[PDB]
């Protein structure tokens, strides 16, 4: 046998960082979960019990905290690039570092209509994520995303005109509920290294904001012909607004809300135009994906 | 042997309801998860395979949907009282109905600074709950709560002066992070039946709002001596602002954020006043509870 | 306002212990999650920021580990009684200790038909639990349980003869799938203190084994008239076999498996006696409970 | 813009199937969760609201149940190949089907030492999985796996000799706990179509059994130099025992169990050779991966 691929490191590293403005008293907090996986000339740790090539995963953990102490942790695209670059430069035999960061929300509280200097609320489990691949000789590849954005519209979704054959029982509809959990990813042009990532730092938060804005507005305003058609509209606009993005990926479940026929009970009318009470379905769910790039 | 207690019913009943304003086009959605458990003269279903006393749990499910079709589902205190009252009045041998409702957030979206008529976002997993116990001959007992409200303050928490003996290693501190997931419950005076619950309908949403407001403001503004002292302040104010509440209960985890000593690395200073990077601890956690009532 | 009830402590304390037999080389492992909550003359920590009455929850944590170091952690009824007794005896102002223990499975591996001296597998998420309430002047109250025991029978469950009215749509059946997750609790006679708990130590593992055995055999062999009737049979036998148990509680979900009518497709017959493919339902679910005691 | 990739279908489809032996009364049950995602000439559903190219995901659901009714659901490699082949043959414009199946355990109960004909227990959350990619013109690519296999050894794990620099604090050890959740995948040689998959049907269950056996025995018997070295041993043996496998992948977390220094308390000795009580760490965790193929 032979090792064909190998990577190893530390997962689920929870990190908090606070910034304290000494002049204003305003504090700002950041919280993330980090994974770093290394690749390189490490195959002998697998085949020959040669631990000399292993940067201990506990040391990877230490390095995450030390890097957060010495560097900004925002935007996460930059933090991840700094972290990944560290491993490939520090260790001659480590040739790639794969950095995944999940950013958790801590939104400043408004108390009596005024922003509080040190109190925060988690307004949802929506995450902002990055996957940063730092590869010696091949620059830095960054995928940015939002996930866990849960939305519902109560009308202005339709689904008709689909293929009908002997496997088909679904009725066409011209008015249904549409609910999903948005997973949206934008893939940046390859960067040649940390300097180039730094040169674009303002674009990371601005593109996250654009993606979020475009997602919500397109979902709210498109009288949707299908999940497929709505998500493509989202992706085309994000590409039109940031030319340093090469592709946009969406992965969207269709979380079904079924009508409930109550006509067996006292002739109760609860379908079609009279539909008021629905049964949300936990499973199964449609799953719709696409990757859109530039023509 | 003998049956000492017995209750049965349907759990995890997901329910959605939409209201459509025909004049304005504005739609409003509600989503909940409901459990109804019945008690009564049902012991022979257990001891003698006498299913004649069983209102099938599938029929309990049907009844939840039918009740939601015919009645408002908000505030949940009212919906639960209507539902529970139905079972004890409909069925001579059913003497208590226990109704648990978890309300899920669907907050109207703001698109370009304007509220959207039919699009909603789940801004957090925070829940609004009720437990309604409808007992023949004993009225309706309602416990209202909020849960899953996750908060953090980055300073203005302290913990010193606690008992110190041979089991103690914790250092006193005058400045620490405090983070918790708030579970707060207010217990109403017994209501004599559905009419009395209806007579107080506006107080249910207003008291939920007060509890939420008081929780957030007290957490943000109290320079906390302990979780115990902060939560008692919250409970006293809620009791002062709604005299139809008899008790307030809080259950608060202390989700620890540990300092990380980095001085072993190049003399890095990351403790005490220099503490910037912390390690959030998934477990264990302090757990602090109290029930406060009127003197 | 006034404090009506208060308890506090440390939750989610994960504990592992190993026993090493020096002569045979055989090692045995135990893993649990522990919660200890204390009550007593602690109200001033809530009302007057008097932390002097607080045994720090970090010290409660230390005490759990120290107690596990110095004492057997099996059976958990004993460990919990030792732990709870410690707090009420050590601290004059602490008058009750509430100890919850969840025991995780580590079953010795069989390698080539022979038991391995130090290798273990988690054969399921089934738990063995205890709730031990140590109350000064009132002895030690122990509730023992098993939970997470997931079972299915593919026939020899029936459900007919239930109440039928205008809310009823369920069809009677004489042959259905029955699947549940068993939560079974046995409540011991009050013990006067640790000596009495110690005097009964062999009965704790033996009664857990009986409960488990009786549950599985009754589920497998009863041609069930209803969940209610089957669970009552289980509880009566456990009471008959351990006279130091005062009550037995079961809480059983009915995890439904729905038939799928495929006759719309090429006249496929998949219902009734031809039922082969089913759709397991994640929600809703029946929930059936009872507490059985001695006549 | 342009669609670069697109796939869509139905996820989280829960399926149960029973086989009833008419002669012996013995019933056997199977339960899985299925995802089917289709690719093909479907881009106009995204770009032009052309739903005519969409095989509705509800119809994909129907097709899963119909296929389970008409075909064996075991081994899952075969079921998945039948299912995927159906879509690419039935629909001219569908050119790939991606089938993921998670198989849930239902192990026959032993009641009084004898196998029960229709009663089953879920002995763990360990899963058996397949990923089957049916691609027109390119055959059928199958990845088989086991996941969720949770194990612990209490000694005969070591970790020393690793790189030590200014980021390193971990102490070398010659005796530690090793615990992991095994995710192991074996990748079959490409099959030219369903006939070739059928020709190998006995090898699917036998190779799953070998992988499981080899994993457990290697974990139990290797005095492990590192997770890397132990997992490579597992993968080499599986490749040696099934020549129709091209690669083996392992993904193994190192779930840490930390020693607890109790010497601050009455000189208690709980480290090194005296280590008896440990604190299992929920996070972070090492994560070690490798893909092994043939030299």
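In this document, chain identifiers A, B, C and D correspond to the written order of the chains, with residue numbering beginning at 1 in each.
Convention: a residue touches a chain if its C-beta (ideal position, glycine included) is under 8 Å from a C-beta of that chain, and two chains touch if they have at least 3 such contacts.
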Is the number of contacting C-beta pairs greater for B-C or for A-C? B-C
Taking each chain's mean CA coordinate, subunit A and subunit C are separated, in whole Å, by 38
Take the average of all CA coordinates in subunit B, do the same for subunit C, and state the distance between these two points in whole angstrom. 25
Subunit A: positions in contact with at least two other chains: 14, 62, 66, 167, 169, 265, 282-283
Quick one: label the inter-chain contact graph as line, ring, star, complete or other. complete
Between which chains does touch occur? A-B, A-C, A-D, B-C, B-D, C-D
Within their complex, state which residues of subunit C touch subunit B. 1-14, 35, 37, 42, 45-59, 61-63, 66, 91, 159-163, 165, 167-170, 225-229, 231-232, 235-236, 239-240, 247, 253-254, 283-295
Taking the complex as given, what residues does subunit D use to touch subunit C? 14-20, 27, 29, 31, 62, 65-66, 68-70, 106, 109, 111-112, 116, 118-125, 149-156, 177, 216-217, 219-221, 257, 260, 262, 265, 268, 270, 275-280, 282
Quick one: which bits of subunit D touch subunit B in the complex? Just the residue numbers, please. 166-167, 169, 264-266, 282-283
